[PDB]
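Note sheet for the following structure.
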Amino acid sequence: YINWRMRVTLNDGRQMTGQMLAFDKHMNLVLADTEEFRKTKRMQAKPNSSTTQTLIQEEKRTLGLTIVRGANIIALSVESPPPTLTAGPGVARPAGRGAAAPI
Amino acid sequence: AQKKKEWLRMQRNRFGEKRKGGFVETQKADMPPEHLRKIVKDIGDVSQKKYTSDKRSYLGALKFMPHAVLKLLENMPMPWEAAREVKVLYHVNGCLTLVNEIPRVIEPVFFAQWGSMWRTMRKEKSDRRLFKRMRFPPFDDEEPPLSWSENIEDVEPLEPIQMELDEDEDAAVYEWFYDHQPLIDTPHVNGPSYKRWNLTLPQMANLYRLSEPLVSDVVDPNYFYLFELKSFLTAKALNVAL
Amino acid sequence: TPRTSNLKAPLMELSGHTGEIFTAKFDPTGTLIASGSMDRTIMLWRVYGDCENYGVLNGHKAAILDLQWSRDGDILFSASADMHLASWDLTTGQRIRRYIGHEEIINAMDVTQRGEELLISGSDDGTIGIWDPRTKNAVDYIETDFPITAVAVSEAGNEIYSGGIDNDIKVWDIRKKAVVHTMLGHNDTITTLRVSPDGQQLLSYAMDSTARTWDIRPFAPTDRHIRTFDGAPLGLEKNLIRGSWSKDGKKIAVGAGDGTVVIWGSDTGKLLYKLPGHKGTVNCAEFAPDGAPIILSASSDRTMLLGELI
Amino acid sequence: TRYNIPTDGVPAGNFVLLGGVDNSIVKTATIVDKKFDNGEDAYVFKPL
Amino acid sequence: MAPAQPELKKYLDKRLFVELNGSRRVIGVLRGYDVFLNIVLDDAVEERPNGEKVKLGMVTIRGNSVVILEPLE
Amino acid sequence: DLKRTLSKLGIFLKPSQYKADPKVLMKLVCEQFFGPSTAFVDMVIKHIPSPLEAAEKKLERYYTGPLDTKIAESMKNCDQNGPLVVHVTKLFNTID
Amino acid sequence: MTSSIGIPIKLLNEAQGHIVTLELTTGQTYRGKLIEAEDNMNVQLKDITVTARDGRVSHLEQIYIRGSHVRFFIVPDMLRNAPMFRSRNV
Amino acid sequence: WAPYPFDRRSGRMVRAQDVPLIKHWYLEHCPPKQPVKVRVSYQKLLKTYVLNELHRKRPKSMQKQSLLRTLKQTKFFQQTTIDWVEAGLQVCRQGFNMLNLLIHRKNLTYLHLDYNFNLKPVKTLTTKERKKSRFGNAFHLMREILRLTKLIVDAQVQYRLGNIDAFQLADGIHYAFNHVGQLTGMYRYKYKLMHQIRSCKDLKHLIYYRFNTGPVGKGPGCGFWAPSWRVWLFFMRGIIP
Amino acid sequence: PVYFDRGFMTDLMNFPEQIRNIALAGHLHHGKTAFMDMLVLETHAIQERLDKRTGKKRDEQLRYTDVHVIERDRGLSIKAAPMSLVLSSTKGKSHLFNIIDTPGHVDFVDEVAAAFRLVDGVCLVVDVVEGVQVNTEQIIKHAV
RNA sequence: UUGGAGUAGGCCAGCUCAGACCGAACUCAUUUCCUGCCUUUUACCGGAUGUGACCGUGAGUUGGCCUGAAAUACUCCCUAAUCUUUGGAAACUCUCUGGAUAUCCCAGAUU
């Protein structure tokens, strides 16, 4: 299941998307090109509307190559998959189709 | 139903995996030795008129006789063999008999066998009183050639030159030392084609001990200082001699 | 009007097989050529340019009698008289895998061009095997009582066009594993069933030297037989002649046993061409799928003639 | 030794092989930039 | 097999501050340790968030109880 | 017997390799017993200084300029972003 | 049998001497040059610039952290192409 | 610490002639207290080794079909397994009948070719008979090669008949291979052959001076015939084309 | 083809604290190039080409850093030959080693002297049977 | 350990590659020269320089033969007692900060 672009969910609710490079026996996962996205719920109150809208703002920070312990790892989901003809003895010669044949 | 039978038969007789070429093909086999024996006996010296069709070919096989001489003398029996059998490729007129073999040996085994020959011949020459050398040529000129069947076919041969191997000291090679192709039916060679060998440490030690009169006692390569090939080539290029 | 195409010569003779060619197919973009022949070999050529034999595929233990291309043209599909199917990779020239489960000689096969990927093999034990091109085991197989020499997949992907030595085209359904209906009318052993590119006509040449075009459409009379073209007599050998359609569905090209490939007009039944050029029987006569006037005729002269239709 | 790996840059404190420069070295040499950033002088290492 | 012992031989008999769970601080001198990070220290002074230092003397902290450590010398 | 003994220690070889010549079998056995040259790497790391810890000594011994200049600090700390200085001593002839 | 350590533990062990950022489970992340490592991920750092999620930025020297409280670790990019990642096919 | 191949425990088989049993005798320094003839034999053998090494070639053989394997593919050649002595007797009779048919086809029946391969006129020849009969170097070189082959085969046959013992057989084989110039006129039709003759004498010197040492006396008895046999095999290799 | 990555090796040039520059030095035929062959055969994938050798060249020592024709024919090193390698410590951490093989003959020892200007450490290879000889004394005296 | 991929040993024959060392061994012919011996030519002498043939070799692949094995077993590639998995968990409130700002609510932090 290595080298597949996946997103893993941490125990603190933070998501990490990237290419899974290696995994161990205790599920300690080392992944490269990691982007940590946190979906924090914020109650933004408009100046004209009295109802405050609860929006899940996603803050994304690029970390790079990160190794995470398996005790704080919760779950992961795959996002995207991964991203000798020898020459024979044949020859080609122009030719002609020969004499016309009766029906 | 006749259509199904004839279609299946046609399809098999055209696309079966035994007829890739149109005919059932086999591997060329070995005739009895008595076939060649009868042919050579029948043609004799080519003096009957029956074999007038066989004369042009026979005289034309003169061209390949040198090559037969090479193969015959190459596959000669060694002194420890009373007799040897060889595969021959023979012409069906009896014109040519080419020995179809390569005298392929294990180098430690061959080297030790010939070293034991050196020992045995020296001991016998020290033990014999008067050594009668054989006459050359062995047979008088006007004698007809010896037929195999009447003269040699059933005759028990004499004892070959072999050394009295000690049963206890030479127990590694005792049972196979003087066989024709030693260890051919063992897990010590790849098979009957006899092309790779492996020998255990006791066997290699025993073969090293038996080859003492021949094997080299030089261990240090520094023994060959200024007496190696590059030194001889340098001395040749310089018109000097070591 | 000397020459109107992209080939560097109006005729090219592709040679290099040491045995009789039985099939030859085009890449569905009209760019690559695959020919399987009785010397157990699939030779892979370019059609545009200097036309080098860029590849040879070995690995069948007996005569090769069919091959289709994939959707893109990256995986080849070879049926062979070693009772086997095989899927081949053209990125490396190696073999992906072999499909096993037939007991006698395999004559036909078909890949579903669009729909879901299935290989459809007619084999002389009396079987029509439906295979998935990822597992070597047969997904299913339909039992008949006669050898099958012809097979085509429907446009809807569930009807099977079998043709046996029992002299009639049978349309089966995969789900019920039973024959839907038989277009009878032929007198001799069926060889090729190729659906029309639009999908309403079926070409069928049999050993009686007559090539008939039939209906495919669900609304049709009792006799679905459109036309019986004649003019391509079959020779001495009882080969499995493989005809084809043009891209526009207007021209019918079938090889013949005199070395001549015969093209009729599918609309009316007029002999458009009677192109000579071969010594033995012509086994596989095909059009260019791109729509160019390129025709290919692979014959058991160990040769292929790649020519033009001006 | 058996071969050479061509690269666009060899950093400080390492071993380097330079080609196109040999015309002036006779026993030992010190290779520096054309002009320093502060316009300072240049000094040589001790002879071997 | 048996887990590897922590690399704290240079930290022996030195002033160290250990932060433990409950946001507690312990300032002391290292006296010994074990494979399971059971640290025994002498002249320990415990500090809560109020900043009050209470002397305890010889104290022991388990491996799970120990969170962070830092040498004071 | 060799298979039994080396499996008793925990060294495993393919059965074709157990029948090799004594010198090559010896090389394979010692290679799988001792392993790679990590001990030499450890010895060099522990007992031989890095360029950062030896460049000051190199400047003190074999450099004829003053040590208070910025070029001296650049040579001493082995910075990449400093100006170029290379001490060339050896000359190797090319392939031709 | 022979005990096989994880590839991620090997990448942590090979990261010694380069600056890495370790964030514990307490919300505090310290970035500094790692000076040691262990099989139980108990790492000691020397530069240790610490930032706590309550907003506390500080600097400390020679701080040792056990592997239990350590949540995430980020190492240098060069070790992304390390010799460990090559699939050995003997 | 044994020399090759005694420090190995696995290997490939070599041909029997491709084992030089005494090459290290002259590849090493000569022992002290030698006769001058033995020393110059050592030097001559070393010269042959050096000149073989200097003219080592790289012919790039790929266009070579075997004679025996191509002959096996026909209907006119079959295969069997027979005794070596039977094959030698057959080869000698075949070559004799071939030369006899050639002589009789040219209507030269006044020349008798006897069974030891000597061509002698049965009567006094005229000038035209002598002119028509003079044979060539191909006939005569083949006839003397056949004569040496006959000598070797009759040595083996005399062993197989009980007339000589095995030590006598090995001694006779060594004698025949060391006395080709005396027992044949084979040098008459190819004089470069004398090189081979010289080589055999050189080997004999070495062999004798290590054989007749100690209680071993003089005269016949030396059956160490392998190196001379090798020399004549390599001659036949070159003389075949 | 080697068993490390050249991009990884170039990136480990970028960290000059984990780099060691050493010179292998010692007497004639005491095993400097044999040591370097050990390192090379650990890193480079050239066992496949060496296992195809036959004849007397099957017994030839590789001698990767003997490349002058003098060195191949005389059988001794005459030029200080440099290499760069990636070698792994017991902790699994890879290090870039810039090593110099020096000649051991008592005449080419100036090459040794040249290498002793360039390196930070001296790995002195000494035979256990012959022990310390005159060039070992000269190299030890200089490096001390 | 698993999935899928597979398939025995010996011998025989074809084809392609290999000279660096195919060969731990070793012959012959020959072009252009130099030299020896020679009345002439063949046959020779012995160094250079190339160029051919022969006796053999290895690896890959393809077809067949022999004997077994019989959908077998084997092989291939790959990964509940202190620090990662048998949870000090769960639950809610208080206080503080921000948005709203009269409150409810929510985020974050703490008990």
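Chain labels run A, B, ... following the order of the structure tokens; each chain numbers its residues from 1, and ligands are numbered from 1 in the order shown.
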(request) Output as a count of residues only the set of chain J residues within 9 Å of chain I, with distances taken over only C-alpha atoms (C1' of nucleotides). (result) 4
(request) May I have the residues within 12 Å of residue A:25 as a PyMOL selection string, using only C-alpha atoms (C1' of nucleotides) and disregarding those fewer than 6 positions away in the same chain? (result) (chain A and resi 69-71) or (chain G and resi 3-9) or (chain J and resi 79+84-85)
Could you write out that same residue set with N, CA and C atoms (P, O5', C5', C4', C3', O3' and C1' of nucleotides) as a PDB file, in the first residue's frame?
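This is the output file again-v2.pdb:
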```pdb
ATOM      1  N   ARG A  69       3.986   8.863  14.920  1.00  0.00           N
ATOM      2  CA  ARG A  69       3.876   7.664  15.738  1.00  0.00           C
ATOM      3  C   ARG A  69       2.512   7.014  15.557  1.00  0.00           C
ATOM      4  N   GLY A  70       2.476   5.685  15.691  1.00  0.00           N
ATOM      5  CA  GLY A  70       1.245   4.948  15.466  1.00  0.00           C
ATOM      6  C   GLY A  70       0.244   5.017  16.598  1.00  0.00           C
ATOM      7  N   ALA A  71       0.675   5.438  17.790  1.00  0.00           N
ATOM      8  CA  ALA A  71      -0.252   5.565  18.906  1.00  0.00           C
ATOM      9  C   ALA A  71      -1.216   6.729  18.725  1.00  0.00           C
TER      10      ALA A  71
ATOM     11  N   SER G   3      15.062  -9.455  14.851  1.00  0.00           N
ATOM     12  CA  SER G   3      14.182  -8.318  15.088  1.00  0.00           C
ATOM     13  C   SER G   3      14.403  -7.257  14.019  1.00  0.00           C
ATOM     14  N   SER G   4      13.323  -6.852  13.356  1.00  0.00           N
ATOM     15  CA  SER G   4      13.376  -5.857  12.290  1.00  0.00           C
ATOM     16  C   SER G   4      12.767  -4.556  12.798  1.00  0.00           C
ATOM     17  N   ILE G   5      13.602  -3.523  12.929  1.00  0.00           N
ATOM     18  CA  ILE G   5      13.086  -2.203  13.268  1.00  0.00           C
ATOM     19  C   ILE G   5      12.345  -1.619  12.071  1.00  0.00           C
ATOM     20  N   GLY G   6      11.492  -0.640  12.350  1.00  0.00           N
ATOM     21  CA  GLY G   6      10.723  -0.023  11.295  1.00  0.00           C
ATOM     22  C   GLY G   6      11.568   0.867  10.405  1.00  0.00           C
ATOM     23  N   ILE G   7      11.066   1.082   9.186  1.00  0.00           N
ATOM     24  CA  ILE G   7      11.685   2.067   8.297  1.00  0.00           C
ATOM     25  C   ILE G   7      11.575   3.466   8.878  1.00  0.00           C
ATOM     26  N   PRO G   8      10.438   3.888   9.447  1.00  0.00           N
ATOM     27  CA  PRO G   8      10.373   5.234  10.044  1.00  0.00           C
ATOM     28  C   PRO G   8      11.314   5.431  11.220  1.00  0.00           C
ATOM     29  N   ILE G   9      11.519   4.395  12.036  1.00  0.00           N
ATOM     30  CA  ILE G   9      12.500   4.493  13.111  1.00  0.00           C
ATOM     31  C   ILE G   9      13.905   4.611  12.539  1.00  0.00           C
TER      32      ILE G   9
ATOM     33  P     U J  79       9.304  -6.014   2.109  1.00  0.00           P
ATOM     34  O5'   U J  79       8.557  -5.614   3.457  1.00  0.00           O
ATOM     35  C5'   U J  79       7.697  -4.485   3.501  1.00  0.00           C
ATOM     36  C4'   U J  79       6.347  -4.845   4.066  1.00  0.00           C
ATOM     37  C3'   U J  79       6.334  -5.291   5.518  1.00  0.00           C
ATOM     38  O3'   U J  79       6.359  -4.203   6.427  1.00  0.00           O
ATOM     39  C1'   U J  79       5.035  -6.782   4.218  1.00  0.00           C
ATOM     40  P     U J  84       5.265   0.116  22.604  1.00  0.00           P
ATOM     41  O5'   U J  84       3.818   0.015  21.947  1.00  0.00           O
ATOM     42  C5'   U J  84       2.687   0.579  22.600  1.00  0.00           C
ATOM     43  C4'   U J  84       2.068   1.700  21.800  1.00  0.00           C
ATOM     44  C3'   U J  84       1.294   1.273  20.553  1.00  0.00           C
ATOM     45  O3'   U J  84       0.175   2.138  20.376  1.00  0.00           O
ATOM     46  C1'   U J  84       3.022   2.758  19.938  1.00  0.00           C
ATOM     47  P     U J  85      -1.173   1.889  21.212  1.00  0.00           P
ATOM     48  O5'   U J  85      -1.097   0.350  21.618  1.00  0.00           O
ATOM     49  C5'   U J  85      -1.806  -0.144  22.751  1.00  0.00           C
ATOM     50  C4'   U J  85      -2.591  -1.394  22.432  1.00  0.00           C
ATOM     51  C3'   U J  85      -1.769  -2.673  22.275  1.00  0.00           C
ATOM     52  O3'   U J  85      -2.523  -3.780  22.766  1.00  0.00           O
ATOM     53  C1'   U J  85      -2.956  -2.244  20.276  1.00  0.00           C
TER      54        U J  85
END
```
At a cut-off of 9 Å, can you tabulate as CSV every residue of chain F near chain B together with its closest atom pair and the distance in Å to one decimal, using only C-alpha atoms and ordering rows by chain then number?
```
residue,atom,partner,partner_atom,distance
F:19,CA,B:198,CA,7.5
F:20,CA,B:198,CA,8.4
F:21,CA,B:198,CA,9.0
```
Counting only C-alpha atoms, which residues in chain E sit no more than 6 Å from chain G? For each one, give the nearest pair of atoms and the distance in Å, sorted by chain then residue number, as JSON lines.
```
{"residue": "E:68", "atom": "CA", "partner": "G:65", "partner_atom": "CA", "distance": 5.1}
{"residue": "E:69", "atom": "CA", "partner": "G:64", "partner_atom": "CA", "distance": 5.3}
{"residue": "E:70", "atom": "CA", "partner": "G:63", "partner_atom": "CA", "distance": 4.5}
```
Output N, CA and C atoms for every residue in that selection, as a PDB file, in the first residue's frame.
```pdb
ATOM      1  N   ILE E  68       9.048  15.426  29.960  1.00  0.00           N
ATOM      2  CA  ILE E  68      10.206  16.081  29.368  1.00  0.00           C
ATOM      3  C   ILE E  68      11.282  16.250  30.430  1.00  0.00           C
ATOM      4  N   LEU E  69      12.532  16.316  29.983  1.00  0.00           N
ATOM      5  CA  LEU E  69      13.667  16.542  30.864  1.00  0.00           C
ATOM      6  C   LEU E  69      14.625  17.525  30.209  1.00  0.00           C
ATOM      7  N   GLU E  70      15.309  18.315  31.039  1.00  0.00           N
ATOM      8  CA  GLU E  70      16.258  19.280  30.517  1.00  0.00           C
ATOM      9  C   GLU E  70      17.379  19.488  31.527  1.00  0.00           C
TER      10      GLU E  70
END
```
Might you pull out every residue within 10 Å of residue J:11, with only C-alpha atoms (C1' of nucleotides) counted and same-chain residues fewer than 3 positions away left off, and present them as a PDB file with N, CA, C and O atoms (P, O5', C5', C4', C3', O3' and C1' of nucleotides), in the first residue's frame?
```pdb
ATOM      1  N   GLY B 191      25.793 -34.717 -14.977  1.00  0.00           N
ATOM      2  CA  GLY B 191      25.101 -35.798 -15.628  1.00  0.00           C
ATOM      3  C   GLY B 191      25.997 -36.568 -16.566  1.00  0.00           C
ATOM      4  O   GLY B 191      27.219 -36.428 -16.543  1.00  0.00           O
ATOM      5  N   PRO B 192      25.397 -37.411 -17.407  1.00  0.00           N
ATOM      6  CA  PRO B 192      26.190 -38.199 -18.361  1.00  0.00           C
ATOM      7  C   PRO B 192      26.961 -37.379 -19.383  1.00  0.00           C
ATOM      8  O   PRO B 192      27.927 -37.903 -19.947  1.00  0.00           O
ATOM      9  N   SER B 193      26.579 -36.128 -19.646  1.00  0.00           N
ATOM     10  CA  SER B 193      27.380 -35.306 -20.546  1.00  0.00           C
ATOM     11  C   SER B 193      28.712 -34.936 -19.933  1.00  0.00           C
ATOM     12  O   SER B 193      29.627 -34.570 -20.677  1.00  0.00           O
TER      13      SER B 193
ATOM     14  P     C J  65       8.985 -35.611 -28.241  1.00  0.00           P
ATOM     15  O5'   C J  65      10.263 -36.451 -27.810  1.00  0.00           O
ATOM     16  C5'   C J  65      10.891 -37.346 -28.712  1.00  0.00           C
ATOM     17  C4'   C J  65      12.183 -37.864 -28.140  1.00  0.00           C
ATOM     18  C3'   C J  65      12.066 -38.591 -26.815  1.00  0.00           C
ATOM     19  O3'   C J  65      11.676 -39.940 -26.951  1.00  0.00           O
ATOM     20  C1'   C J  65      13.802 -37.015 -26.683  1.00  0.00           C
ATOM     21  P     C J  66      10.686 -40.581 -25.873  1.00  0.00           P
ATOM     22  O5'   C J  66      11.603 -40.802 -24.589  1.00  0.00           O
ATOM     23  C5'   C J  66      12.744 -41.646 -24.631  1.00  0.00           C
ATOM     24  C4'   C J  66      13.546 -41.563 -23.356  1.00  0.00           C
ATOM     25  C3'   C J  66      12.773 -41.762 -22.069  1.00  0.00           C
ATOM     26  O3'   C J  66      12.518 -43.118 -21.779  1.00  0.00           O
ATOM     27  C1'   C J  66      14.199 -39.898 -21.843  1.00  0.00           C
TER      28        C J  66
END
```
(message) Please determine, counting only C-alpha atoms, which residue among A:102, A:95, A:64, A:87 has the shortest atom-to-atom distance to residue G:21.
(response)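 Closest to residue G:21 of all the choices is A:64.
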All strand (DSSP E or B) positions in chain A, as a PDB file with C-alpha atoms, in the first residue's frame:
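Contents of part.pdb, freshly written:
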```pdb
ATOM      1  CA  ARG A   5      -1.266   9.481  -2.205  1.00  0.00           C
ATOM      2  CA  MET A   6      -3.402   9.228   0.933  1.00  0.00           C
ATOM      3  CA  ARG A   7      -4.857  11.396   3.689  1.00  0.00           C
ATOM      4  CA  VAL A   8      -4.501  10.258   7.304  1.00  0.00           C
ATOM      5  CA  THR A   9      -6.561  11.496  10.248  1.00  0.00           C
ATOM      6  CA  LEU A  10      -4.736  12.160  13.509  1.00  0.00           C
ATOM      7  CA  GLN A  15      -5.636  15.715   8.603  1.00  0.00           C
ATOM      8  CA  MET A  16      -2.378  15.080   6.739  1.00  0.00           C
ATOM      9  CA  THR A  17      -2.375  14.537   2.973  1.00  0.00           C
ATOM     10  CA  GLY A  18       0.651  13.234   1.121  1.00  0.00           C
ATOM     11  CA  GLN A  19       2.506  10.325  -0.415  1.00  0.00           C
ATOM     12  CA  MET A  20       2.876   7.476   2.066  1.00  0.00           C
ATOM     13  CA  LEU A  21       6.528   6.440   1.882  1.00  0.00           C
ATOM     14  CA  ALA A  22       6.895   3.818   4.612  1.00  0.00           C
ATOM     15  CA  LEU A  29       4.041   6.124   9.245  1.00  0.00           C
ATOM     16  CA  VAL A  30       6.656   8.179   7.384  1.00  0.00           C
ATOM     17  CA  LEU A  31       5.214  10.254   4.545  1.00  0.00           C
ATOM     18  CA  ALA A  32       6.677  12.900   2.249  1.00  0.00           C
ATOM     19  CA  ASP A  33       5.178  16.084   0.763  1.00  0.00           C
ATOM     20  CA  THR A  34       2.901  16.266   3.796  1.00  0.00           C
ATOM     21  CA  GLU A  35       0.231  18.967   3.971  1.00  0.00           C
ATOM     22  CA  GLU A  36      -1.499  19.342   7.335  1.00  0.00           C
ATOM     23  CA  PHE A  37      -5.067  20.609   6.970  1.00  0.00           C
ATOM     24  CA  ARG A  38      -7.045  21.462  10.109  1.00  0.00           C
ATOM     25  CA  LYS A  39     -10.807  22.016   9.797  1.00  0.00           C
ATOM     26  CA  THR A  40     -11.637  24.420  12.627  1.00  0.00           C
ATOM     27  CA  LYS A  41     -15.261  25.424  13.182  1.00  0.00           C
ATOM     28  CA  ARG A  42     -15.588  29.212  13.438  1.00  0.00           C
ATOM     29  CA  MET A  43     -18.804  31.112  14.182  1.00  0.00           C
ATOM     30  CA  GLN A  44     -18.590  34.115  11.869  1.00  0.00           C
ATOM     31  CA  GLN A  53     -22.747  31.020  10.529  1.00  0.00           C
ATOM     32  CA  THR A  54     -20.598  28.097  11.688  1.00  0.00           C
ATOM     33  CA  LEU A  55     -18.057  27.456   8.921  1.00  0.00           C
ATOM     34  CA  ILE A  56     -15.374  24.751   8.905  1.00  0.00           C
ATOM     35  CA  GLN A  57     -12.388  26.864   7.892  1.00  0.00           C
ATOM     36  CA  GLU A  58      -9.535  24.709   6.578  1.00  0.00           C
ATOM     37  CA  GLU A  59      -6.039  25.912   7.491  1.00  0.00           C
ATOM     38  CA  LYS A  60      -3.369  24.134   5.435  1.00  0.00           C
ATOM     39  CA  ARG A  61       0.360  24.167   6.206  1.00  0.00           C
ATOM     40  CA  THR A  62       2.989  22.317   4.184  1.00  0.00           C
ATOM     41  CA  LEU A  63       5.439  20.321   6.315  1.00  0.00           C
ATOM     42  CA  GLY A  64       7.310  18.125   3.825  1.00  0.00           C
ATOM     43  CA  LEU A  65       8.739  14.841   5.120  1.00  0.00           C
ATOM     44  CA  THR A  66       7.146  13.842   8.425  1.00  0.00           C
ATOM     45  CA  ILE A  67       7.137  10.701  10.573  1.00  0.00           C
ATOM     46  CA  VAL A  68       4.142  10.142  12.869  1.00  0.00           C
ATOM     47  CA  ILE A  73      -2.591   7.624  14.311  1.00  0.00           C
ATOM     48  CA  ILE A  74      -6.313   6.949  13.957  1.00  0.00           C
ATOM     49  CA  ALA A  75      -7.305   6.270  10.352  1.00  0.00           C
ATOM     50  CA  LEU A  76      -6.298   6.948   6.763  1.00  0.00           C
ATOM     51  CA  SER A  77      -7.988   7.014   3.363  1.00  0.00           C
ATOM     52  CA  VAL A  78      -6.446   6.809  -0.099  1.00  0.00           C
ATOM     53  CA  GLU A  79      -6.865  10.022  -2.099  1.00  0.00           C
ATOM     54  CA  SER A  80      -5.062   9.394  -5.407  1.00  0.00           C
ATOM     55  CA  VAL A  91      11.340  -6.157 -43.704  1.00  0.00           C
ATOM     56  CA  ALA A  92       9.117  -3.889 -45.786  1.00  0.00           C
ATOM     57  CA  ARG A  93       9.491  -3.742 -49.568  1.00  0.00           C
TER      58      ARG A  93
END
```
(message) Need to verify the contact set: stretch 115-125 of chain I, 6 Å, only C-alpha atoms (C1' of nucleotides), exclusion of same-chain residues closer than 5 positions in sequence. Can you return it as a list in words?
(response)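 My reading of the contact set: residues 48 of chain F; 21, 22, 23, 24, 25 and 26 of chain I.
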Closest pair table for chain C residues within 12 Å of chain J, only C-alpha atoms (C1' of nucleotides), as JSON lines:
```
{"residue": "C:39", "atom": "CA", "partner": "J:62", "partner_atom": "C1'", "distance": 11.5}
{"residue": "C:40", "atom": "CA", "partner": "J:62", "partner_atom": "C1'", "distance": 11.0}
{"residue": "C:41", "atom": "CA", "partner": "J:62", "partner_atom": "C1'", "distance": 11.9}
{"residue": "C:58", "atom": "CA", "partner": "J:62", "partner_atom": "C1'", "distance": 9.7}
{"residue": "C:59", "atom": "CA", "partner": "J:62", "partner_atom": "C1'", "distance": 10.1}
{"residue": "C:60", "atom": "CA", "partner": "J:62", "partner_atom": "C1'", "distance": 11.4}
{"residue": "C:61", "atom": "CA", "partner": "J:63", "partner_atom": "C1'", "distance": 9.7}
{"residue": "C:62", "atom": "CA", "partner": "J:63", "partner_atom": "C1'", "distance": 11.2}
{"residue": "C:95", "atom": "CA", "partner": "J:5", "partner_atom": "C1'", "distance": 11.5}
{"residue": "C:96", "atom": "CA", "partner": "J:5", "partner_atom": "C1'", "distance": 9.6}
{"residue": "C:97", "atom": "CA", "partner": "J:5", "partner_atom": "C1'", "distance": 8.5}
{"residue": "C:98", "atom": "CA", "partner": "J:5", "partner_atom": "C1'", "distance": 10.6}
{"residue": "C:134", "atom": "CA", "partner": "J:4", "partner_atom": "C1'", "distance": 10.3}
{"residue": "C:135", "atom": "CA", "partner": "J:4", "partner_atom": "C1'", "distance": 9.0}
{"residue": "C:136", "atom": "CA", "partner": "J:4", "partner_atom": "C1'", "distance": 10.0}
```
Using C-alpha atoms, can you write the selected residues to a file as a CSV table (one decimal), in the first residue's frame?
```
chain,number,residue,atom,x,y,z
C,39,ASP,CA,5.5,-20.2,-36.8
C,40,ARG,CA,4.0,-19.4,-33.4
C,41,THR,CA,5.0,-15.7,-33.6
C,58,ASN,CA,7.1,-15.4,-28.7
C,59,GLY,CA,5.5,-17.5,-26.0
C,60,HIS,CA,2.8,-19.5,-27.7
C,61,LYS,CA,3.6,-23.2,-28.1
C,62,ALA,CA,1.5,-23.7,-31.2
C,95,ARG,CA,3.5,-11.5,-21.8
C,96,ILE,CA,1.1,-10.6,-19.1
C,97,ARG,CA,-0.6,-13.9,-18.7
C,98,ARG,CA,-2.3,-16.9,-20.3
C,134,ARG,CA,-7.2,-9.9,-15.2
C,135,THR,CA,-7.7,-13.5,-13.9
C,136,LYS,CA,-6.6,-16.6,-15.8
```
(request) Residues of chain B near chain C: apply a cut-off of 12 Å, count only C-alpha atoms, and supply the list as a list in words. (result)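 Here they are: residues 1, 2, 3, 4, 5, 6, 7, 8, 9, 10, 11, 12, 13, 14, 15, 16, 17, 18, 19, 20, 21 and 22 of chain B.
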Could you write those residues out with C-alpha atoms, as a CSV table (one decimal), in the first residue's frame?
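The resulting file, out.csv, is shown below:
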```
chain,number,residue,atom,x,y,z
B,1,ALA,CA,-21.6,-36.1,-37.2
B,2,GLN,CA,-19.3,-37.1,-40.1
B,3,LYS,CA,-18.7,-33.4,-40.5
B,4,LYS,CA,-17.7,-33.0,-36.8
B,5,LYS,CA,-15.3,-36.0,-37.0
B,6,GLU,CA,-13.6,-34.9,-40.2
B,7,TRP,CA,-13.3,-31.3,-39.0
B,8,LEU,CA,-11.8,-32.3,-35.7
B,9,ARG,CA,-9.4,-34.7,-37.4
B,10,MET,CA,-8.4,-32.0,-39.9
B,11,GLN,CA,-7.9,-29.4,-37.1
B,12,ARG,CA,-5.8,-31.8,-35.1
B,13,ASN,CA,-3.7,-33.1,-38.0
B,14,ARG,CA,-3.0,-29.5,-39.0
B,15,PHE,CA,-2.6,-27.6,-35.6
B,16,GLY,CA,-1.7,-30.4,-33.2
B,17,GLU,CA,1.4,-29.8,-31.1
B,18,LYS,CA,3.2,-32.8,-32.6
B,19,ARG,CA,3.0,-31.8,-36.2
B,20,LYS,CA,4.6,-28.4,-36.2
B,21,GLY,CA,6.1,-28.9,-39.6
B,22,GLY,CA,3.6,-31.5,-40.8
```
